[PDB]
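Here's the letter readout for the chains.
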Amino acid sequence: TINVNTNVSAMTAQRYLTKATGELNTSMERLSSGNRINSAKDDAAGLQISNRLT
Amino acid sequence: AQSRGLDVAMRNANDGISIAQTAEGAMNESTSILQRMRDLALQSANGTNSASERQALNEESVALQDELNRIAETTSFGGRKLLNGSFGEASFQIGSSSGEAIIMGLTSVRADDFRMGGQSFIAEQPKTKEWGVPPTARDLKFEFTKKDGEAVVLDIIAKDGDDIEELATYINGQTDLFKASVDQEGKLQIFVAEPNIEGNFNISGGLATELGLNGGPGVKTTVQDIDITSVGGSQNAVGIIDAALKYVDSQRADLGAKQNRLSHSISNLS
Amino acid sequence: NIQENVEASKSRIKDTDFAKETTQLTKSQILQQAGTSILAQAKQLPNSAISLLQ
Amino acid sequence: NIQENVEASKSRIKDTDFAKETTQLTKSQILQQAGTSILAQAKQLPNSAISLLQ
Amino acid sequence: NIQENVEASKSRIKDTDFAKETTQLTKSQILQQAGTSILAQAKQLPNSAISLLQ
């Protein structure tokens, strides 16, 4: 309690900020490109079927 | 010590994410190139192209193939070639302790790869438009073994009184493992993608004898073995690029699965 | 006609519905700002209480 | 596309994450202040005790 | 419609109510400051009294 060498709350805040930033970047990419699935990570089966349909 | 190990594991997982993303981008470009080549092959099949514009389309296809070779050879994550087959099955540490890892695999994308296409069989006896399938012999039985090991047999019955082209369309419609077609002289070209065949393709049925079909080991053709100066070339090219697109999409799906597993693992490690 | 239907399906699977994704982007921006605000309040006071303790 | 991916990885390996480093900076600042306070407390008491005894 | 209702219910259960939690955060900061002040006052007075007696 009232520690110095470790700040667990700051670590959790950093983790959640990183998650928010990652989601923000993904959303920004999806907005700019105009496609929801730009890389296989977004969706595997979705990407496959979309490529076949295109 | 566990915290330091987790730092190392997170760094390694991030490096793997970056390599996966680079390979995914290169594969995306390759599949776009393949789609364009499919469009060109379909265009050349048109029967209004005399000879010269066929040569122009063939030149375009050759340029696209050279681009495919260039992208396969060049993609590198700082000196680490990704799609030339050098990557192999690498390993990435994924945790604090020694023993947890994910084997990252990147199969080559060269146009000479054997997964970039498959086997082709060409009918020996050409048939012109006047000819139709005889009502006497209509059964057409295929027997082969897929790469996964599950043997397959088909017993396609050809509707009587259809010309060779309609027979090709019917055979295409009946099953997906095939891509039948007809060349300039009307010889049926049966194409089987590489993952869809492993062994001797054997044929039977009276119709096969009538058409002169001879199922055998087959002519091995990948994307690099594409020439679109002839109608049959265009059709078997459509089939070849379809199989190649399937292979590329499978590879991209595998890379996406690896990326998702890496993301989940890094979140867990954090 | 078949191309019309195929294009509609491809857009459904691939195209990003701008409303949902812009809502998601605004939510992610809010989350990032909140995380930064908490981190600013977490990196300073919990660590700085000790100097007051001395 | 390759340049975008390479720049992302280069930033991740090289470019600093300001949240972590700002937290580290604040922690180091507080540690320095605590060290100065402890040094001030520890310089005067021991030397002064013996002089008091005399 | 079902997804909208389920999302509303999940928000009621899981999602934090920012007003309540921000008020709680401010109250907790206040309580920590009061505790530190009281601890500082208690650290030196009761013990220093005995030394003053000498």
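Residues numbered from 1 in each chain as written, not as in the entry; some residues may be left out. Chains lettered and ligands numbered in written order. Part of a larger assembly, values for the part shown. Heavy atoms only, no water.

Structure determination for this PDB entry was carried out by cryo-EM, with a resolution of 3.43 Å recorded in the header.

Labelled according to the PDB entry, chain C appears under the name Flagellin A, originating from Vibrio cholerae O1 biovar El Tor str. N16961. The deposited PDB record carries the title "In situ sheathed FlaA flagellar filament of Vibrio cholerae".

In the annotation of the PDB entry, chain A is listed under the name Flagellin A and assigned to Vibrio cholerae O1 biovar El Tor str. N16961.

Undergrad: Now, about the nonpolar core: what can you tell me, with residues and values included?
TA: Note that soluble globular proteins tend to have their nonpolar side chains buried in a common cluster. Residue and element names in this part refer to chain B. In terms of nonpolar packing, the biggest core is built from 44 residues, with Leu34 and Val223 touching the most fellow members. Within the residue set of this core, elements represented by two or more residues are α1 (2–44), α2 (52–74), β1 (88–93), β2 (101–106), β7 (188–193) and α5 (231–269). With near-sequence residues (within four places) excluded, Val223 lies in contact with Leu34, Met37, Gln65, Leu68, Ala111, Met116, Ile240 and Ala244. In terms of nonpolar packing, the next biggest core, distinct from the first, is built from 27 residues, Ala168, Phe178, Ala180 and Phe201 among them. (Core = buried A, V, L, I, M, F, W, Y, C linked by side-chain atoms within 4.5 Å. Buried < 20%, exposed > 50% of the residue type's maximum accessible area, 1.4 Å probe, protein only. Helix = DSSP H or I, 4+ residues; strand = E, 2+ residues; numbered from the N terminus. Contact = heavy atoms within 4.5 Å.)

Undergrad: Quick one: what's the story with the sheet that holds strand β3 (residues 117–122) of chain B, residue by residue and with numbers?
TA: Residue and element names in this part refer to chain B. If you walk across this open sheet you meet the four strands as β6-β7-β3-β9, and the pairing is antiparallel. Each edge of the sheet is formed by a strand with only one pairing partner; in this case those strands are β6 (178–182) and β9 (219–222). Taken pair by pair, the neighbouring strands of this sheet meet at an average axis angle of 30°, ignoring direction. Here five bridges tie β3 to β7, and the two strands are oriented antiparallel to one another. In the sheet register, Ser120 faces β7, and the bridge partner there is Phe191. Sheet strands in contact with helix α3 (residues 164–174) are β6 and β7, and its direction is about 170° off that of β6. (Pairing = 2+ DSSP bridges. Axes fitted to C-alpha atoms, helices over the stretch in contact; angles between N-to-C directions.)

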